[PDB]
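Here is the structure we will look at, set down as structure tokens.
Throughout, protein chains are lettered first and strands after them, A, B, ... in sequence-line order, and every chain is numbered starting at 1.
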Amino acid sequence: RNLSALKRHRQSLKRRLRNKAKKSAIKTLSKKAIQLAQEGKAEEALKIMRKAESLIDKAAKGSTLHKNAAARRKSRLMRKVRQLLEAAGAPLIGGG
Amino acid sequence: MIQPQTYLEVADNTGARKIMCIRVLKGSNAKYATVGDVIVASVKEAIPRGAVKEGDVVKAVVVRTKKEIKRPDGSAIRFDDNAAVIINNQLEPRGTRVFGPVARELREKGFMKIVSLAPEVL
Amino acid sequence: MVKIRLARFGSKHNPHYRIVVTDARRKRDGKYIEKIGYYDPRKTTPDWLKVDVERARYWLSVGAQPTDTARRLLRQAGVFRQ
Amino acid sequence: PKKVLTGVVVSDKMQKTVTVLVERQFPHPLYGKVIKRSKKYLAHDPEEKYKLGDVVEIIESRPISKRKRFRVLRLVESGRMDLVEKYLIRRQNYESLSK
RNA sequence: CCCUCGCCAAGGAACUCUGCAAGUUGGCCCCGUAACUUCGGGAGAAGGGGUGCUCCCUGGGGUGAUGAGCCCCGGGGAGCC
RNA sequence: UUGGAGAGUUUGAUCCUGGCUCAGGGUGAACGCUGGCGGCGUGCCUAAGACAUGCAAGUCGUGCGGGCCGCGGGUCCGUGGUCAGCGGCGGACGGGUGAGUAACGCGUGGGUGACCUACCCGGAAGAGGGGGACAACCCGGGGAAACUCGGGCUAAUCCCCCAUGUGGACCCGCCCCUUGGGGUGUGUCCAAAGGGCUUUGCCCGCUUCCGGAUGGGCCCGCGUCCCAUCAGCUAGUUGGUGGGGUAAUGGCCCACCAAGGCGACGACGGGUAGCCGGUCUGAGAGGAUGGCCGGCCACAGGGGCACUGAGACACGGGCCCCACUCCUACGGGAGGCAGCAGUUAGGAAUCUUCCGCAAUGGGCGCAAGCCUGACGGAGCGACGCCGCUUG
RNA sequence: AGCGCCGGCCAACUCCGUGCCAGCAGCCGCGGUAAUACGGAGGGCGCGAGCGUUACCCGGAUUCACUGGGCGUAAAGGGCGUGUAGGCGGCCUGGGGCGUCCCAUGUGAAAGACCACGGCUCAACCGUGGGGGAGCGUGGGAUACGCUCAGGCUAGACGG
RNA sequence: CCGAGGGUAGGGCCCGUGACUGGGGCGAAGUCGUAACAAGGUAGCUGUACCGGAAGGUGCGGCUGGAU
Ligand SMILES: [Mg+2]
Ligand SMILES: [Mg+2]
Ligand SMILES: [Mg+2]
Ligand SMILES: [Mg+2]
Ligand SMILES: [Mg+2]
Ligand SMILES: [Mg+2]
Ligand SMILES: [Mg+2]
Ligand SMILES: [Mg+2]
Ligand SMILES: [Mg+2]
Ligand SMILES: [Mg+2]
Ligand SMILES: [Mg+2]
Ligand SMILES: [Mg+2]
Ligand SMILES: [Mg+2]
Ligand SMILES: [Mg+2]
Ligand SMILES: [Mg+2]
Ligand SMILES: [Mg+2]
Ligand SMILES: [Mg+2]
Ligand SMILES: [Mg+2]
Ligand SMILES: [Mg+2]
Ligand SMILES: [Mg+2]
Ligand SMILES: [Mg+2]
Ligand SMILES: [Mg+2]
Ligand SMILES: [Mg+2]
Ligand SMILES: [Mg+2]
Ligand SMILES: [Mg+2]
Ligand SMILES: [Mg+2]
Ligand SMILES: [Mg+2]
Ligand SMILES: [Mg+2]
Ligand SMILES: [Mg+2]
Ligand SMILES: [Mg+2]
Ligand SMILES: [Mg+2]
Ligand SMILES: [Mg+2]
Ligand SMILES: [Mg+2]
Ligand SMILES: [Mg+2]
Ligand SMILES: [Mg+2]
Ligand SMILES: [Mg+2]
Ligand SMILES: [Mg+2]
Ligand SMILES: [Mg+2]
Ligand SMILES: [Mg+2]
Ligand SMILES: [Mg+2]
Ligand SMILES: [Mg+2]
Ligand SMILES: [Mg+2]
Ligand SMILES: [Mg+2]
Ligand SMILES: [Mg+2]
Ligand SMILES: [Mg+2]
Ligand SMILES: [Mg+2]
Ligand SMILES: [Mg+2]
Ligand SMILES: [Mg+2]
Ligand SMILES: [Mg+2]
Ligand SMILES: [Mg+2]
Ligand SMILES: [Mg+2]
Ligand SMILES: [Mg+2]
Ligand SMILES: [Mg+2]
Ligand SMILES: [Mg+2]
Ligand SMILES: [Mg+2]
Ligand SMILES: [Mg+2]
Ligand SMILES: [Mg+2]
Ligand SMILES: [Mg+2]
Ligand SMILES: [Mg+2]
Ligand SMILES: [Mg+2]
Ligand SMILES: [Mg+2]
Ligand SMILES: [Mg+2]
Ligand SMILES: [Mg+2]
Ligand SMILES: [Mg+2]
Ligand SMILES: [Mg+2]
Ligand SMILES: [Mg+2]
Ligand SMILES: [Mg+2]
Ligand SMILES: [Mg+2]
Ligand SMILES: [Mg+2]
Ligand SMILES: [Mg+2]
Ligand SMILES: [Mg+2]
Ligand SMILES: [Mg+2]
Ligand SMILES: [Mg+2]
Ligand SMILES: [Mg+2]
Ligand SMILES: [Mg+2]
Ligand SMILES: [Mg+2]
Ligand SMILES: [Mg+2]
Ligand SMILES: [Mg+2]
Ligand SMILES: [Mg+2]
Ligand SMILES: [Mg+2]
Ligand SMILES: [Mg+2]
Ligand SMILES: [Mg+2]
Ligand SMILES: [Mg+2]
Ligand SMILES: [Mg+2]
Ligand SMILES: [Mg+2]
Ligand SMILES: [Mg+2]
Ligand SMILES: [Mg+2]
Ligand SMILES: [Mg+2]
Ligand SMILES: [Mg+2]
Ligand SMILES: [Mg+2]
Ligand SMILES: [Mg+2]
Ligand SMILES: [Mg+2]
Ligand SMILES: [Mg+2]
Ligand SMILES: [Mg+2]
Ligand SMILES: [Mg+2]
Ligand SMILES: [Mg+2]
Ligand SMILES: [Mg+2]
Ligand SMILES: [Mg+2]
Ligand SMILES: [Mg+2]
Ligand SMILES: [Mg+2]
Ligand SMILES: [Mg+2]
Ligand SMILES: [Mg+2]
Ligand SMILES: [Mg+2]
Ligand SMILES: [Mg+2]
Ligand SMILES: [Mg+2]
Ligand SMILES: [Mg+2]
Ligand SMILES: [Mg+2]
Ligand SMILES: [Mg+2]
Ligand SMILES: [Mg+2]
Ligand SMILES: [Mg+2]
Ligand SMILES: [Mg+2]
Ligand SMILES: [Mg+2]
Ligand SMILES: [Mg+2]
Ligand SMILES: [Mg+2]
Ligand SMILES: [Mg+2]
Ligand SMILES: [Mg+2]
Ligand SMILES: [Mg+2]
Ligand SMILES: [Mg+2]
Ligand SMILES: [Mg+2]
Ligand SMILES: [Mg+2]
């Protein structure tokens, strides 16, 4: 009727709340920049995409994201903005 | 308001799932049983290898009724089903669990063991 | 981590450890990477300890960590000498 | 080494994928006689360049799909429609083994 | 009180010679469907899901001219009470 | 070339055919009769039925703030424990079991230009600024208890922001190579933590990148039982395009497109079964088997699920549904021995609620050390082999 | 110091009792009034802290026969054709090298097994060393036979 | 959205069980007849068919594993 396993569980929730919070923003700020790119609206898309890049890697600093998950998440974020902006171009500002 | 022919769910783990009242054990000629009354019933549907089988003539006590029962405080209570718990000739439940809520009237009628096994007394 | 360990053999009241490099999490008498010597803590026979020192230096050089008793059996064999 | 096998394209009816029918001979582990056995492989053809009767070589590649674990390597011989006829006749003969 | 008709708590054939009478079920579209069989059937077996309205996208036919318009068969997506 | 024995029984008698039977060896055995000792093995093969009680995983005060108690004085501080709390690391190892699985599960040989790996080792480079919360604690409510919610305070190797970029990542280019391998340039993006002593000095820690090493994931050829009185099977079904997902390939998952995939070389179905090193037999070939030991896999009351994390979809972690059981003050609550002993049930049948961490080994720690039913030993059983006695 | 056994197989025999009873029995079989076969006893044979039994695996079983069997009458030729798949296939030359053979090399964990030596007084148990393969990966080689491809023949086969 | 599972309805496979019923194996000394073994007193066997308390009988065609 006890353990140090109960402490590992109390901690797992402090981290779960923290990991879910970071992923929510990553998906929000990223998708936000992909809609903006489709409109394009390039300075606005790229000004947001960069904060989506920053949040991604800042998550890989710890346990929220593996290095490769972030690098793959970054790869698809940028790749979608390129083609989307190829229609109705003008990439200004710059981020690639 | 249970009478002969009335089907009742079985709110225990005896093995029986549906029983059909064949007698109201409350005098010479009671028309109806409510909660706390004992009936005699045949078992119409059992699950395999439970204590009671289909074809058994058992006693049970009604624990839930769809006809609302009235109380001296001016209130009433009604359940979605008609349900009973199977007993022996000592008011004691023949199973070890009671499923679903039961009426508080059972306590006054001396079906205490059922009241305790029930997950909610309303 | 890789560790340098004594996996007991022999029989009851009859110890005979093997000088073995094995994973830190492998069970004691389980499968090991290499056998680099042996040991007879009672010294009942002339050569109770022997060590392939050239090999024990490799695993020491590549990461493996000894035990507080395996270490004294590689120092007793001069794996650490100058 | 990535296993390399040689077989024949028995069915090209898919997009970017052909069916390569490979045979292999070996002695019976008890009766010593040499016996033939066969196996079909779904092989990748991203250029849809391979047709029925081609005698191709496949190389053990990374999964393209469930069951697709070989890429077609090189054409060795074209037009061996005699082998595909041995295959289809065998399959057609199966309706004769029914109840 | 009778006729014809509507509704009913809890029960649900306990009615009665008999579920008599009356409920239930009920069209269309789709899914699906048993013993047995003379291979047709049994079959609408059973059992289920769907059904209004709005906007948007779209496939074929008839008339016409190949088009518009009128008209007939559909398909997909998103909504509303 | 180290290896090969047969006999009884059909007839009045014979020869042949053929079945039954026997002599041998073996067992996790059991049963009867009998029973002295020692050693080393070994002992729930059935109900993966149900379980009383204890124990089987913790550790760091050299990360941090605290309540207590004891020690030296100035009711303030050092210090020693001590207790819970926050923060580390371990808890994914080790230990059990054989249910399920006829499968890339296992064996064997290979693939990864489709991949991850904490701690360990080696090489490169760095630690500069600022802020914040939550438990402990105080205050309030509820309760039999399990035990909570409320408000407010507070530290840190906890948490964010800025900076620096040795460096790495990503996108678009060119170069080598050739499945996503390696280079480089432009843009963008990401580092941190401090603690101890003897102190212009070490030590344990921290951060980013590379390599090693070990441990894995995934994929493929091949091998793997009985029934054909199971002969046809298939809609995520087979392939394609796009995407989601992951460390990573893939129908693994989703949309749409195409009409495919499989099968007498036995598909599909039904039965049984964890598989191998090996074990037992055998002249060999072969047959039988997979307990002990080692490797791998699978499961942790029956199912589903994810979270935390290098790593689990986690036996002694969490959520939910079911079956069962238990406490209760009757309002409500709890549990998961296929860990080690032990109990009960079933069965022809299968052990001590023992001892110690001294050894080996594991975890944490600067270290003294602490935990360790792993283990090392002791106990019961002619169960087995070996040795010994009753002269 | 006990347990099994003493008709043949199969090692060990007499007396009594019983009288198709009581019983034995792995098989063939024993017992119906002189039983080495039932029961006891004497004696004897085999083992010995064991000895018997039951269950099960392999062997004997060449009784699933690859090694290593059969089918007129013992069990066994399909009632007979035709033909699909499949198995198998004449003589000569060459190209390849799939089978097949050889050499090299990697893998084949530890334990076990086997041989040598040693430690527990021996042994069981245990340590240390030695020696191997098959199978598969790779590199090199051989080409008789089997395979394939190509060319020629006429003895099989088919046609005039 | 998926989703353990719960519910409703309809199939398939297997196991056990059932009044009664079919024949089968076995069982020291039952009852009936005598089919087969000799030319077994009707040569036998045979596929089929029909009949009869029972073996069997008879038809058709076939075999010699039929005697003299
Ligand atoms: Mg959002
Ligand atoms: Mg990371
Ligand atoms: Mg209920
Ligand atoms: Mg119930
Ligand atoms: Mg029952
Ligand atoms: Mg019934
Ligand atoms: Mg009851
Ligand atoms: Mg209650
Ligand atoms: Mg001892
Ligand atoms: Mg491991
Ligand atoms: Mg109405
Ligand atoms: Mg009304
Ligand atoms: Mg009514
Ligand atoms: Mg009603
Ligand atoms: Mg009703
Ligand atoms: Mg009803
Ligand atoms: Mg009626
Ligand atoms: Mg009536
Ligand atoms: Mg009546
Ligand atoms: Mg009438
Ligand atoms: Mg009517
Ligand atoms: Mg109506
Ligand atoms: Mg209607
Ligand atoms: Mg009507
Ligand atoms: Mg039908
Ligand atoms: Mg039916
Ligand atoms: Mg019917
Ligand atoms: Mg009918
Ligand atoms: Mg009918
Ligand atoms: Mg018919
Ligand atoms: Mg018919
Ligand atoms: Mg029909
Ligand atoms: Mg039909
Ligand atoms: Mg009808
Ligand atoms: Mg209908
Ligand atoms: Mg219909
Ligand atoms: Mg309907
Ligand atoms: Mg609809
Ligand atoms: Mg609608
Ligand atoms: Mg309307
Ligand atoms: Mg007209
Ligand atoms: Mg028109
Ligand atoms: Mg509404
Ligand atoms: Mg005889
Ligand atoms: Mg005879
Ligand atoms: Mg005789
Ligand atoms: Mg014989
Ligand atoms: Mg004694
Ligand atoms: Mg067991
Ligand atoms: Mg048990
Ligand atoms: Mg049971
Ligand atoms: Mg303890
Ligand atoms: Mg502490
Ligand atoms: Mg198993
Ligand atoms: Mg088993
Ligand atoms: Mg199966
Ligand atoms: Mg496999
Ligand atoms: Mg494999
Ligand atoms: Mg970790
Ligand atoms: Mg609080
Ligand atoms: Mg920064
Ligand atoms: Mg799939
Ligand atoms: Mg789909
Ligand atoms: Mg389609
Ligand atoms: Mg095949
Ligand atoms: Mg099974
Ligand atoms: Mg099993
Ligand atoms: Mg033999
Ligand atoms: Mg096996
Ligand atoms: Mg076993
Ligand atoms: Mg499970
Ligand atoms: Mg259990
Ligand atoms: Mg389970
Ligand atoms: Mg569970
Ligand atoms: Mg698991
Ligand atoms: Mg755990
Ligand atoms: Mg447990
Ligand atoms: Mg509650
Ligand atoms: Mg609760
Ligand atoms: Mg719970
Ligand atoms: Mg016990
Ligand atoms: Mg018992
Ligand atoms: Mg210790
Ligand atoms: Mg202890
Ligand atoms: Mg004897
Ligand atoms: Mg003998
Ligand atoms: Mg003799
Ligand atoms: Mg026997
Ligand atoms: Mg006499
Ligand atoms: Mg006589
Ligand atoms: Mg006599
Ligand atoms: Mg006898
Ligand atoms: Mg005898
Ligand atoms: Mg005698
Ligand atoms: Mg045998
Ligand atoms: Mg044999
Ligand atoms: Mg036989
Ligand atoms: Mg032969
Ligand atoms: Mg023979
Ligand atoms: Mg014959
Ligand atoms: Mg013939
Ligand atoms: Mg025929
Ligand atoms: Mg042919
Ligand atoms: Mg041929
Ligand atoms: Mg030839
Ligand atoms: Mg070759
Ligand atoms: Mg080897
Ligand atoms: Mg070996
Ligand atoms: Mg040894
Ligand atoms: Mg050895
Ligand atoms: Mg479902
Ligand atoms: Mg369901
Ligand atoms: Mg439920
Ligand atoms: Mg008589
Ligand atoms: Mg006659
Ligand atoms: Mg006669
Ligand atoms: Mg005659
Ligand atoms: Mg006659
Ligand atoms: Mg006749
Ligand atoms: Mg006649």
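Here D:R80 pairs with D:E77 in a salt bridge; the nearest charged N to carboxylate O distance falls below 4.0 Å. A salt bridge links B:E9 with B:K18; the closest basic N to acidic carboxylate O contact falls under 4.0 Å. The existence of a salt bridge linking C:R55 and C:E34 is confirmed by a sub-4.0 Å separation between a basic side-chain nitrogen and an acidic carboxylate oxygen. No salt bridge links B:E92 with B:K113; every basic N to acidic carboxylate O contact stays at or beyond 4.0 Å. At a threshold of 4.0 Å, the pair D:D12-D:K51 does not count as salt-bridged, since none of the basic side-chain nitrogens sits closer than that to a carboxylate oxygen. Using a 4.0 Å cut-off between charged nitrogen and carboxylate oxygen, B:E105 and B:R71 count as a salt-bridge pair. A salt bridge links B:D81 to B:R64: at least one charged side-chain nitrogen sits closer than 4.0 Å to a carboxylate oxygen.
Using Watson-Crick or G-U wobble geometry with both donor-acceptor distances under 3.5 Å, G:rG137 finds its partner in G:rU105. The base-pairing partner of F:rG376, taking Watson-Crick or G-U wobble contacts with both distances under 3.5 Å, is F:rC355. In this structure, F:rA47 forms no base pair with any nucleotide, since neither Watson-Crick nor G-U wobble geometry is met with both distances under 3.5 Å. Pairing for F:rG70 goes to F:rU79, judged as Watson-Crick or G-U wobble with the two contacts each under 3.5 Å. In this structure, F:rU188 forms a base pair with F:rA169, meeting either the Watson-Crick or the G-U wobble geometry with both donor-acceptor distances under 3.5 Å. When both distances must be under 3.5 Å, the Watson-Crick or G-U wobble mate of H:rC51 is H:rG56. Of the nucleotides present, none pairs with F:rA52 by Watson-Crick or G-U wobble criteria with both distances under 3.5 Å.
Atom NE2 in A:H9 sits roughly 17 Å away from atom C1' in F:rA92 (whole-Å rounding). To the nearest angstrom, P of F:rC366 lies 15 Å from CG of C:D68. Atom NZ of D:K66 and atom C1' of F:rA103 are 14 Å apart (whole Å). Rounded to whole Å, the distance from CE on A:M78 to P on F:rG187 is 13 Å. Remark: P of F:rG132 and CZ of A:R18 are 17 Å apart, rounded to the nearest angstrom. The interatomic distance linking A:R50 (CZ) with F:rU188 (P) rounds to 8 Å, in whole Å. Between the CZ atom of A:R8 and the P atom of F:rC86 there is a distance of 12 Å, given to the nearest Å. Counting to the nearest Å, the P atom of F:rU246 and the CZ atom of A:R73 are 7 Å from each other.
Membership of the apolar cluster around B:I77 extends to B:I22, B:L25, B:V35, B:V38, B:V40, B:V57, B:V61, B:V63, B:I69, B:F79, B:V85, B:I87, B:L91, B:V98, B:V102, B:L106, B:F111, B:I114, B:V115, B:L117, B:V121, B:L122, as traced through chained side-chain contacts below 4.5 Å between ILVMFWY residues.
The base of F:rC171 lies outside donor-acceptor range of the side chain of A:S75, with no N or O pair under 3.5 Å. Put simply, the side chain of A:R16 and the base of F:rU308 share no donor and acceptor less than 3.5 Å apart. In the interface, the side chain of A:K7 is paired with the base of F:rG87 through a donor and an acceptor atom under 3.5 Å apart.
Residue contacts shown for A:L3 are limited to sugar-phosphate atoms, with no base heavy atom under 4.0 Å away. Among the atoms of the strands shown, only primed sugar atoms or phosphate atoms (P, OP1, OP2) are found under 4.0 Å from some heavy atom of D:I64. When heavy atoms are screened at a 4.0 angstrom cut-off, D:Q25 is found touching no nucleic acid atom at all. At a threshold of 4.0 angstrom between heavy atoms, the contacts of C:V2 are confined to the sugar-phosphate backbone, with no base atom among them. D:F26 comes within 4.0 angstrom of no nucleic acid atom, judged by non-hydrogen atoms across all strands. Among the heavy atoms of the strands, none lies under 4.0 Å from D:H28.
Remark on RNA chain G: of its neighbouring residues C:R18 and D:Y31, the 5'-side contact belongs to D:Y31, judged by nearest-heavy-atom nucleotide.
Proximity of B:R78 to the phosphate of E:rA9: no side-chain N or O atom is located under 4.0 Å from OP1 or OP2. Not one side-chain nitrogen or oxygen of D:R62 sits closer than 4.0 Å to the OP1 or OP2 atom of F:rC115.
Heavy-atom distances under 4.0 Å link RNA chain G to C:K31, C:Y32, C:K35, C:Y38, C:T44 of residues 20-45 of chain C, given in residue order. RNA chain G is contacted by D:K86, D:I89, D:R90, D:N93 of residues 85-99 of chain D, taking any non-hydrogen atom closer than 4.0 Å. Within a heavy-atom distance below 4.0 Å of RNA chain G, no residue of residues 106-122 of chain B is found. Contacts of residues 8-33 of chain B with RNA chain G (heavy atom under 4.0 Å): none.
D:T17 and D:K68 share a donor-acceptor pair across their side chains, judged by distance under 3.5 Å alone.
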TODO: Starting from the C-alpha separation in whole Å, work towards a yes-or-no answer on side-chain hydrogen bond (donor to acceptor under 3.5 Å, both in side chains) for A:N19 and A:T64.
DONE: CA-CA 5 Å; A:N19 293 250; A:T64 291; 2.9 Å; yes
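Taking only side-chain atoms of B:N82, from C-beta outward, the nucleotide of F:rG361, E:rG11, F:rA359 with the closest atom is E:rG11. When each of F:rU360, F:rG221, F:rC40 is scored by its nearest atom to the side-chain atoms of C:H13, the top-ranked nucleotide is F:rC40.
In this structure, the side chain of C:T67 engages the main chain of C:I4 through a donor-acceptor pair within 3.5 Å.
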Atom pairs, N/O to N/O, protein against nucleotides 141-144 of chain G, distance under 3.5 Å?
none

